[PDB]
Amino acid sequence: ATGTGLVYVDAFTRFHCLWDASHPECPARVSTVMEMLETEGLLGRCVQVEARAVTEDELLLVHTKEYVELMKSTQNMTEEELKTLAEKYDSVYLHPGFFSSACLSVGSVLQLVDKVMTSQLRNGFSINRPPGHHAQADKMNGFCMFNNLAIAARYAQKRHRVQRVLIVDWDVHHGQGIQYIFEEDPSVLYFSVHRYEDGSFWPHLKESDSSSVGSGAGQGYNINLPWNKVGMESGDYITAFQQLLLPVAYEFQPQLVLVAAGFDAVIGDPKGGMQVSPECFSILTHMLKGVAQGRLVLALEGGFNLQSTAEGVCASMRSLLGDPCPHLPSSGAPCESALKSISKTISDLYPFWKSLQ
């Protein structure tokens, strides 16, 4: 258990929106991250880990056979066919090389899970696109084809005999795909903090509120923390982790932590509306290292400001590598609106977690 793994392959830059050279989900997202990791000297300190293509059986841990076959068929569709299909989904574009890159995007996470669970590395970060947290069992959504982290969680359970996986989603958007996949599953605890604004922020789902705690035996194992005002800062995220996520995490006792590492809550994002310093992500990453013997894998989700996303990745990477935590430029206190949201989520989860009482 020494070393921080990093997966990046050129294929992550080889699909894009064919009808909009200005699309925000673009190759430059990952290349800019890699450029900054290099100039900060962080890239050379990581252990390079090869990507691999996810297999059908691995995809089928989460996705239906019909959906896998349809997605596989997109590699041969005409551009008109790709346009028609993509219109059947919410906030998606397609490309002939989307499926292949999506398979490597999933597989990049699996490779890091292998290295971490076998103690060859302490932790890791995949610098991957397409993202995953909106993908659902049978549909694309939100620029995602396959649910990278949901597959990785079930893979870790099947292949590495992991009992309990914690998924932490700090992207500014709700990872509804992860929620749906594990809604009835108490072996995978999903926590998402996200802008919500009473449903008026994308993806506009009542299911993104804190009242959605899971179903059946999954009750208590889905935790949504919705922000109902813009402008949240590091102190709000730190308070969410201290009073809610980390108490539950220590009670849950996961053996692996997967992070839906989007950086659209960072100051500078064009649409996230939040004011989180990149340094905050050093702290949030640090906190998660205290769980699961530090067996921690981050995978890139959203974040559309190229520089802010790169800064957030670098801040997280410094913590994975064990560097001293940074000085925080903002206040350490939460705002009233954040305290309101945190209190409500705790109220909704109280019956399930002794640490919240």
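For every residue, the number given is its place in the sequence shown, counted from 1.
- Check the entry's C-alpha temperature factors for 251-259 and 84-92, then say which stretch has the higher mean. Result of the comparison: 84-92.
- Task: Compare the mean C-alpha B-factor of 143-151 with that of 268-276 as given in the PDB entry, and name the stretch with the higher value.
- Result: So the stretch with the higher mean C-alpha B-factor is 268-276.
- Query: Looking at 68, 296, 300, 317, which has the highest Cα B-factor in the entry?
  - Reply: That would be 68.
- Highest-ranked of 313, 306, 292, 325 once sorted by CA temperature factor in the record: If I rank 313, 306, 292, 325 by C-alpha B-factor, first place goes to 306.
- If you rank the chain by CA B-factor, which third does residue 97 end up in: lowest, middle or highest? Ranked within chain, residue 97 CA B lands in the highest tercile.
- Task: Comparing against every modelled residue in the chain, figure out the third that the C-alpha B-factor of residue 197 lands in (lowest, middle or highest).
- Result: Ranked within chain, residue 197 CA B lands in the middle tercile.
- Message: Going by the CA temperature factor in the PDB record, which third of the chain does residue 218 belong to: lowest, middle or highest?
- Response: Answer is middle: the recorded C-alpha B-factor places it there.
- Sorting the chain's modelled residues by C-alpha B-factor, tell me whether residue 110 ends up in the lowest, middle or highest third. As the PDB entry reports it, the C-alpha B-factor of residue 110 lands in the lowest third of its chain.
- Based on the entry's values, in what third of the chain does the Cα temperature factor of residue 78 lie: lowest, middle or highest? Highest third of the chain for residue 78's C-alpha B-factor.
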